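A lone chain, given as structure tokens: the form deposited in one PDB entry.
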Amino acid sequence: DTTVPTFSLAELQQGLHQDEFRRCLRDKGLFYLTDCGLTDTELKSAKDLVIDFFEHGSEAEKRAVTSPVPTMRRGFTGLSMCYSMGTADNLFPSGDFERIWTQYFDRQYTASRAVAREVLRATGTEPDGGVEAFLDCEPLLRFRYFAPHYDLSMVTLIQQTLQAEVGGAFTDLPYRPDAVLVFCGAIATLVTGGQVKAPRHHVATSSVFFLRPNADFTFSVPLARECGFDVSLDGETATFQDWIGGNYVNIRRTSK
């Protein structure tokens, strides 16, 4: 009914709880994940450090880590405030920032890839071009400081020190110790041929890690149509780029 399991990554990789995992994937498309290299500690360390910067970083040094266009892709954004990162072109205040945040990013990127790898394994999915080339992709990490959507990611990881639709009701998703919250996104549904649900969710700090596909991730157009994707795509295969266009879009509303 409206419950959300915890899975241990380690157990999934050993091949335990495979029916339960497949059933969670198909019916809910969200779960908590443990034993994935993330603690709860390290969050603290990255959090306090960037929070000090938000609170006590000088306006002059905020400038040095602000992109010239206000996209929230890298560095600082003031609207509430955000700090964003990916695998390259980062903007680090540094001294020690780069160290703590490169580590926090990398562990989340490892955890995201390894859980996506298990989603693919559990569903018998081989992406066009292979699993590895699919998962060596374009992640985006956003950390922010102070309307229902689904994600266009493969998975999205959300760390806590939030509500989602489960079984037809929007439910709260409280903290579970040393567990991260995983939302499957629309690329999971797409890549698996419909075996994975992309749940709606929304709010009511935050750390959100999107495991986003490469521009050239390629999929079958008829199979996309079958899963519920309302594609306007001529011909039999397409890319991520063809579908979403030339700028990443991270989330989507159900049409009004």
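The term rigid core refers to the most C-alpha atoms you can superpose between the two forms while keeping them within 1.5 Å. Heads up: residue numbers just count along the shown sequence, starting at 1.
Colleague: Per the entry, how many residues of the deposited chain go unmodelled between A204 and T205: none, 1 to 3, 4 to 9, or 10 or more?
Modeller: Gap between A204 and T205: 10 or more unmodelled residues.
Colleague: Select one of none, 1 to 3, 4 to 9, or 10 or more to describe the deposited residues without coordinates separating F146 and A147.
Modeller: Unmodelled stretch: 10 or more residues.
Colleague: Comparing average C-alpha B factors as deposited, tell me which of 9-17 and 232-240 sits higher.
Modeller: Result: 9-17.
Colleague: Got a sec? Mean C-alpha B-factor, which is higher, 45-53 or 61-69?
Modeller: Looking at the recorded C-alpha B-factors, 45-53 comes out higher on average.
Colleague: Sort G124, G185, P93, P139 by C-alpha B-factor from the entry and give me just the highest.
Modeller: Each of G124, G185, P93, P139 was compared by C-alpha B-factor; the highest is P93.
Colleague: Name the residue from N214, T39, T189, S220 with the greatest C-alpha temperature factor listed in the entry.
Modeller: Highest C-alpha B-factor among the listed options: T39.
Colleague: Which third, lowest, middle or highest, does the C-alpha temperature factor of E132 belong to within its own chain?
Modeller: Middle third.
Colleague: For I158, return the chain-relative third of its C-alpha B-factor as stated in the PDB record: lowest, middle or highest.
Modeller: CA B-factor rank for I158: middle third.
Colleague: Sorting by Cα B-factor within the chain, modelled residues only, which third would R117 end up in: lowest, middle or highest?
Modeller: CA B-factor rank for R117: lowest third.
Colleague: Ranked by Cα temperature factor within the chain, is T87 in the lowest third, the middle third or the highest third?
Modeller: Its C-alpha B-factor, which the entry lists for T87, ranks in the middle third among residues of this chain.
Colleague: Which third of the chain does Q108 land in by C-alpha B-factor: lowest, middle or highest?
Modeller: Middle third of the chain for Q108's C-alpha B-factor.
One more form of this protein should be noted, the form deposited in another entry, which is absent from this view; the next part is about it.
Colleague: Superposing on the rigid core, I want to see if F210 changes position between this form and the one not shown - specifically a Cα shift of 2 Å or more.
Modeller: Superposed on the core, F210 moves its C-alpha less than 2 Å between this form and the one not shown.
Colleague: Would you say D19 moves between this form and the one not shown, meaning its CA shifts by 2 Å or more once the core is fitted?
Modeller: It does not reach a 2 Å shift.
Colleague: Compare the position of the CA of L43 between this form and the one not shown after a rigid core fit and state whether the shift reaches 2 Å.
Modeller: No.
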